[PDB]
Amino acid sequence: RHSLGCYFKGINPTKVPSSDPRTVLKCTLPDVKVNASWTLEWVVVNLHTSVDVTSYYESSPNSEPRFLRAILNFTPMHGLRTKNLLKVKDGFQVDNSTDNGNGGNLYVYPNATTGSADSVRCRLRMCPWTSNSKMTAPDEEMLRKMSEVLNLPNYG
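Going by the header, the method for this PDB entry is solution NMR.

Put into structure tokens, the structure is as follows:
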């Protein structure tokens, strides 16, 4: 797709009350109605790493941001990585269901260190699209509509 340049933001996730033994960490995604996609990466500060999986959202001029898909982090798309990524068995299961409605959220197991659980943070990549290959950046309208993300703290 015709990328207009991606933005990298940091979001503090919140804990969602649930009867489930596992803790639900949700990453806030602003209601932006533009032709753009968002990629989430769950990062653990205390471990200095991230969970081996990316979560994708998609919106449009008419449609609201919704969970698109989730893909395991085989290879980085922005340079090199090759870091000790966290596995499901480590107590880190990202919801990859489109039926649950909570896709993208991270399930933290009691087997996982709770100190590191509290150090979990959401890395947001916003990649707006177009159809004009001559464009290398979004216009005023898009920037205003994406301002809910653009005015977030930077983290990349």
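S.K.: In this structure, what is going on with the layout of surface pockets? I would like to understand it.
M.R.: A water-sized probe, rolled over the atoms, reveals where empty space remains. The volume enclosed by the largest pocket comes to roughly 500 Å³. The wall of the largest pocket is formed by 20 residues, among which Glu41, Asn73, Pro76, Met77 and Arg123 lie closest to the centre. Looking at the lining of the largest pocket, the elements with two or more residues in it are β5 (36–44), β7 (54–58) and β11 (120–130). Looking at the lining of the largest pocket element by element, the count peaks at three residues for β5.

S.K.: Looking at this structure, how should I read unusual backbone geometry?
M.R.: A negative phi angle characterises most non-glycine residues, just as the trans form characterises most peptide bonds. Of note, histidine 48 is a non-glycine position whose phi angle comes to about 60°, a positive value. The topology assignment puts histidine 48 in the loop between β5 and β6 (49–50). Assessed through its relative accessible area of 70%, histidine 48 is described here as exposed. Of note, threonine 82 is a non-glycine position whose phi angle comes to about 55°, a positive value. One can find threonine 82 in the loop between β8 (66–71) and β9 (92–94).

S.K.: Would you explain the environment of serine 63 in this entry?
M.R.: Within the secondary structure, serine 63 is located in the loop between β7 and β8. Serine 63 sits in the partly exposed class, given a relative accessible area of 33%. Separated by 31 residues in sequence, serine 63 and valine 32 have C-alpha atoms that sit 8.8 Å apart.

S.K.: For this particular structure, what's the right way to read the pairing of β7?
M.R.: On any regular strand, side chains alternate: one points to one face of the sheet, the next to the other face. A large share of β7 lies buried, amounting to four of its five residues. Both β7 and β8 contribute to a ladder of five bridges, which runs antiparallel. Across the sheet, residue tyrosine 57 finds its bridge partner in β8, namely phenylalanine 67.

S.K.: Looking at this model, I keep getting lost on the side chain of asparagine 105. Mind explaining?
M.R.: Following the sequence through the fold, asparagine 105 ends up in the loop between β9 and β10 (106–108). Other than its neighbours up to four places away in sequence, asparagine 105 contacts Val24, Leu25, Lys26, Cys27, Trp42, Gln93, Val94 and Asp95.

S.K.: Where do I start with the sheet that holds strand β3 (residues 14–16) in this structure?
M.R.: The strands that make up a sheet are held in pairs by hydrogen bonds between backbone atoms, and each pair lies either parallel or antiparallel. Read across the sheet, four strands follow the order β3-β4-β10-β9 without closing on themselves; strand pairing throughout is antiparallel. If you trace the sheet from one side to the other, it starts and ends with β3 and β9, each paired once. Adjacent strand axes in the sheet meet at a mean angle of 35° when their direction is disregarded.

S.K.: What is the right way to read the packing of aromatic side chains from this model?
M.R.: To describe a pair of aromatic rings, one takes the distance between the centres and the angle between the planes. Under the criterion given, the structure shown has one aromatic pair. For the pair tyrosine 57 and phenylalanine 67, a centre-to-centre distance of 5.8 Å together with 75° between the ring planes defines the contact as edge-to-face. Taken together, the positions of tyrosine 57 in strand β7 and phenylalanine 67 in strand β8 put the pair 10 residues apart, joining distant regions of the chain. Residues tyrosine 57 and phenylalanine 67 agree in their burial class; the two are buried. When the ring centre of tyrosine 107 is taken as reference, the NZ or CZ atom of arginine 22 above it lies at 4.9 Å. Note that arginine 69 overlies the ring of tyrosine 56, its terminal NZ or CZ placed 5.0 Å from the centroid.

Reading the values: the criteria
Residues numbered from 1 in each chain as written, not as in the entry; some residues may be left out. Heavy atoms only, no water. 1 Å grid on protein atoms, 1.4 Å probe; cavity = no way out; pocket = protein on both sides within 12 Å on 5 of 7 lines; lining within 4 Å. Points joined across faces, edges and corners; volume = space filled by probe spheres on them. Helix = DSSP H or I, 4+ residues; strand = E, 2+ residues; numbered from the N terminus. Buried < 20%, exposed > 50% of the residue type's maximum accessible area, 1.4 Å probe, protein only. Pairing = 2+ DSSP bridges. Contact = heavy atoms within 4.5 Å. Axes fitted to C-alpha atoms, helices over the stretch in contact; angles between N-to-C directions. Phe/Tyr/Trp six-rings, centres within 6.5 Å; stacked < 30°, edge-to-face > 60°. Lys NZ or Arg CZ within 6 Å of the ring centre and 35° of its normal.

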